[PDB]
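Visitor: Residue numbers (the authors' numbering), protein chains in the order written: chain F, 1 to 13, 790 to 887; chain H, 31 to 52. All C-beta atoms, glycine included, are put in the ideal place defined by N, C-alpha and C.
#1: Three Cβ pairs or more, each shorter than 8 Å: is that satisfied between the region 833 to 852 of chain F and the region 814 to 821 of chain F?
#2: Could you please give the first and the last residue of the uninterrupted beta strand (DSSP E) stretch that includes residue 822 (chain F)?
#3: Near residue 791 (chain F), which residues of its chain fall below 7 Å by C-beta distance, leaving aside the five closest residues on each side in sequence?
#4: For residue 873 (chain F), go through chain H and note every residue whose CB falls closer than 7 Å to its CB, in chain order.
#5: Which one or two residues does DSSP pair with residue 7 (chain F) in a beta bridge?
#6: So for residue 900 (chain F), helix, strand or coil by DSSP?
#7: Find out if the Cβ-Cβ distance for the pair residue 866 (chain F), residue 810 (chain F) is shorter than 8 Å.
#8: Beta carbons nearer than 7 Å to chain H: which residues of the region 852 to 886 of chain F have them?
#9: Would you kindly work out how many angstroms separate the C-alpha atoms of residue 11 (chain F) and residue 31 (chain H), rounded to a whole number?
#10: Can you name the start and end residues of the alpha helix (DSSP H) that residue 42 (chain H) belongs to?
#11: Give the secondary structure of residue 862 (chain F) by DSSP, where H, G and I count as helix, E and B as strand, and everything else as coil.
#12: Quick check on DSSP: helix, strand or coil for residue 845 (chain F)?
#13: In angstroms, rounded to a whole number, what distance separates the CA positions of residue 813 (chain F) and residue 860 (chain F)?
#14: Go ahead and pull the three-state DSSP assignment for residue 882 (chain F).
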């Protein structure tokens, strides 16, 4: 039982993105991002856990970063290297007792 | 138990989407 919140819309010529988390922080086992270009299947982008792990999808090395603020029950992912295709519907979930966890998401832009 | 039934929750939202289309 977890809940999920995010952020990061609009276009800049800087560059911005993130999400957040809700419940019982630092049960932060596999806590992973997802992304869905519309009319396509699901997709996982970046994975970060409690143990300072850092691994990404084959497309966002250089393009992205994972961050983990244990204080205000949140995990961060900050976009870099503007390129529009990253426009999509998003999600930012985690795993706890192995239960399928999911949220809502956000969008990305051009120019 | 609870983990199974939460998987079940999300998975019937999937079910309801499919049933809507069909």
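Guide: Answer, in terms of the structure:
#1: With the cut-off at 8 Å, the region 833 to 852 of chain F and the region 814 to 821 of chain F touch.
#2: Looking at the DSSP string, the run of the beta strand (DSSP E) that includes residue 822 (chain F) is 820 to 824.
#3: The answer, listed in chain order, is 855, 856, 858.
#4: For residue 873 (chain F), the chain H residues whose C-beta falls within less than 7 Å of its own C-beta are 33, listed in chain order.
#5: Paired residues: F:794.
#6: Only positions 1 to 887 of chain F appear in the structure, and residue 900 (chain F) is not among them; the question remains open.
#7: At a Cβ-Cβ threshold of 8 Å, residue 866 (chain F) and residue 810 (chain F) count as neighbours.
#8: Within the region 852 to 886 of chain F, the residues whose Cβ lies closer than 7 Å to some Cβ of chain H are 873, 874, 875, 876, 878, listed in chain order.
#9: Straight-line Cα distance between these residues: approximately 44 Å.
#10: Taken as a continuous stretch (DSSP letters only), the alpha helix (DSSP H) holding residue 42 (chain H) covers 32 to 51.
#11: Residue 862 (chain F) sits in a helix when the DSSP states are folded into three classes.
#12: Note: residue 845 (chain F) maps to strand in three-state DSSP.
#13: The alpha-carbon separation between residue 813 (chain F) and residue 860 (chain F) amounts to approximately 11 Å.
#14: Look at residue 882 (chain F) here: in three-state DSSP terms it is coil, with no helix or strand label.
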